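S.K.: I'd like to ask some things about the structure below.
Each value in this text was obtained by applying a stated rule to the coordinates, not by laboratory testing. Every residue, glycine among them, receives a Cβ derived from its backbone with ideal geometry; neighbour counts consider all protein chains shown.
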Amino acid sequence: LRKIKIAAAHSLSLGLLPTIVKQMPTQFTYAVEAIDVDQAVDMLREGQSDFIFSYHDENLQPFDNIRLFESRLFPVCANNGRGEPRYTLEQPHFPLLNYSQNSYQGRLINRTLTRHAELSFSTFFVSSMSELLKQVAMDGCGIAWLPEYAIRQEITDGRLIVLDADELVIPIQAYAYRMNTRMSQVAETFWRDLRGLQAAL
Amino acid sequence: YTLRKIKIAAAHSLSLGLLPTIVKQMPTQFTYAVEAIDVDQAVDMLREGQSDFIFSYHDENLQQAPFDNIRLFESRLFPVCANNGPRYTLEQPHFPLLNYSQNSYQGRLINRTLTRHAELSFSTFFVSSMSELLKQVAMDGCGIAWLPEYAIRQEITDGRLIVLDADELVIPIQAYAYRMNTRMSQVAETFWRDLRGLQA
C-alpha cells in the first residue's frame, strides 16, 4: 500500500535509493525496476511507473524533472599490486569492459571509442549492470568506464587506477522524471519530499 | 565480431556474486555478454537460441532433457537487518520486509516460507529483483531481507548485518548453470567444459 513504482536505468538505482529511502521524511512502499533507456518514455505515459530515474534524456527533459547529481565516467582498471595499472590504454588490444549496446552509458563509451581511433581494444565483458562491471574490473580482467561516485572509495585506495582524465571522460547527469499531469496523493507527497531531499545526494 | 561471445542470462543475485569469480579464473578465450534475467524468462530465451547458458537455482524440469545441468554450489538465505550499535526482530508486529518480486526464484521461495509460518507478521515495504539494492537498503536499517550468505558473508562477520535466525527461517539454495544439451559454438562448449572444472 501507498506504493511508489520507480523504474531506473540499468546502473543508477543503487547510487540513489538507499540514500533516498533512509532520509525519506514519511514512509512509503517501493517497487523498483531496472529498465533500459529506451523504455523510459513508454512506461511513464502508460503509468507502468510513477517516476523514472534516468540520465539526461532530453525527450523527457509534458514531463517534469529534477536533477539528482552530476558525475563523470573515468576509464579505470585494477593495479598489478606493484602500484602500476594492470592494463593501459596504449596497449594493443586491451580487454574492454563495456555496457550493453542499448544502454545509455554504452552508447556514450562507444561514441568516444569511435572518435579516439588511437585506442586498440578487444571486447571482453559487456553488461549493463555497473556493479558487475565494477567487481570484474577489480579482479584485473580489463579496463572499464565507471562512474566516479560508484568507485570513490576504491579510487582512494589504489585498488582501481584512473587511466585518463582529459578526453576519455564522459560527464553524466542523473534525473528523476515525472509526468506533469498530477498523480496520486502519495506520488505528489513523494515527489515533494524528494525535491526537499536533493540536498543529500 | 562475436565468435567468442557467450550469452549468459543469469539471476541478479547470482550474476553479481558468482560470475566475477568465474570470469577471473577462466582463461580469457571468451567474450562475456551478461544480462540479469528472471529464470522463467531466461528459459524461453535459451530454447530459441537467444542465450547460451542461464545461471539460476534449483529447477525441477531444467535438470532433465532437453537440458543439461551443473550444480555450481550450495548456500542459504538468512534473515538479516542492520545493527543498533539488531534493529528488527522476526517476532515483531508488522516488520518491514525487503524482498524480491515474484518475477524471481527467491521471491516465491521467501513468500512460500512465510506462507507456512503465519506466526510472523510482516509488511511488504520494498520490493526489487536487484540483490545489491536489497543489500544496501538492508544495511541502512530499513527492514528485514532474506539475502544469500555468499553475498553478505563479510558484512555478517563485521556486524553491519546480523543474522536473525539459524533454524527454520534459513532457506537452502543451490546455484545452477543450465543449457540445452545440444551443440553450441566452440567457444561455448569450451566454457561449459571449463565450468565443470571451475566448480571445484
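S.K.: For the range A:1-65 and the range B:124-140, what is the separation of their Cα centres, given in Å?
M.R.: The two parts, judged by their Cα centres, are 15 Å apart.
S.K.: With every atom except the alpha carbons ignored, what do you get for Rg and Dmax of chain B, in angstroms?
M.R.: Cα radius of gyration and Dmax of chain B are 18.1, 57 Å respectively.
S.K.: Which whole-number percent gives the relative contact order of the range A:72-172, counting Cα pairs below 8 Å spaced six or more residues apart?
M.R.: RCO, the range A:72-172: 47 percent.
S.K.: A further question follows. Quick check for you: which residues of the range B:105-144 have the amide N under 12 Å from the point 7 Å beyond the Cα of residue A:1 toward its beta carbon?
M.R.: B:123-124
S.K.: Net charge near residue B:16, counting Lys/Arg +1 and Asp/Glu -1 over other residues with Cβ under 10 Å of its Cβ?
M.R.: Once all neighbours under 10 Å are counted, the net charge is 0.
S.K.: Please list, in chain and number order, the residues 5+ apart from residue B:173 or on another chain whose amide H is under 5 Å from its amide H, with Hs placed from the backbone.
M.R.: When sequence neighbours closer than 5 places are left aside, the close amide H contacts are B:75, B:76, B:77.
S.K.: Using the C-alpha gyration tensor of the range A:62-129, what are the square roots of 5 times its eigenvalues, in whole angstrom, with the largest one first?
M.R.: 27, 16, 12
S.K.: So, in nm, how far is label residue B:124 from label residue B:108 when the simple model puts each one 7 Å beyond its Cα toward the Cβ?
M.R.: Result for the modelled spin labels: 1.6 nm.
S.K.: Another question, if that's okay. Within the range B:31-68, whose backbone N sits under 17 Å from a point 7 Å along Cα→Cβ of residue A:48?
M.R.: Under 17 Å, as judged by backbone N against the label point of residue A:48, lie B:36-38, B:41-42 of the range B:31-68.
S.K.: Same structure, new question: Taking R0 as 41 Å, what's the FRET efficiency between residue B:174 and residue A:101 from their Cβ-Cβ distance, rounded to 0.05?
M.R.: 0.80
S.K.: Here is a follow-up. Let me understand the range B:14-133 better: what is its radius of gyration from the alpha carbons, and its Dmax, in angstrom?
M.R.: 17.5, 54
S.K.: Using the Cβ atoms and a cut-off under 12 Å, what net charge is assigned to the surroundings of residue A:173, where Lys and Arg are +1 and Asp and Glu are -1?
M.R.: -1
S.K.: As a test, work out the antiparallel percent of DSSP beta bridges whose residues both lie in the range B:76-173, rounded to the nearest 5.
M.R.: Restricted to the range B:76-173, the bridges split so that about 55 percent are antiparallel.
S.K.: Moving on. Any idea what the alpha-carbon Rg over 2.2 N^0.38 Å comes to for the range B:76-173?
M.R.: Normalised Cα radius of gyration, the range B:76-173: 0.96.
S.K.: Oh, and also: Within 11 Å, Cβ to Cβ, of residue B:140, how many net charges do the neighbouring residues add up to if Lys/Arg are +1 and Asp/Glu are -1?
M.R.: +4
S.K.: Same structure, new question: Above 30 Å lies some portion of the pair distances; for the protein assembly as shown, what is it as a whole percent of all C-alpha pairs?
M.R.: Of the Cα pairs, 44 percent sit more than 30 Å apart.
S.K.: Alpha carbons only, please: Rg and Dmax for the range B:98-148, in angstrom.
M.R.: Taking only Cα atoms of the range B:98-148, I get Rg and Dmax of 10.6, 29 Å.
S.K.: Could I ask something else about it? Report, to two decimal places, the Cα Rg of the range B:10-63 normalised by 2.2 N^0.38 Å (N = number of residues).
M.R.: Normalised by 2.2 N^0.38 Å, the Cα Rg of the range B:10-63 equals 1.17.
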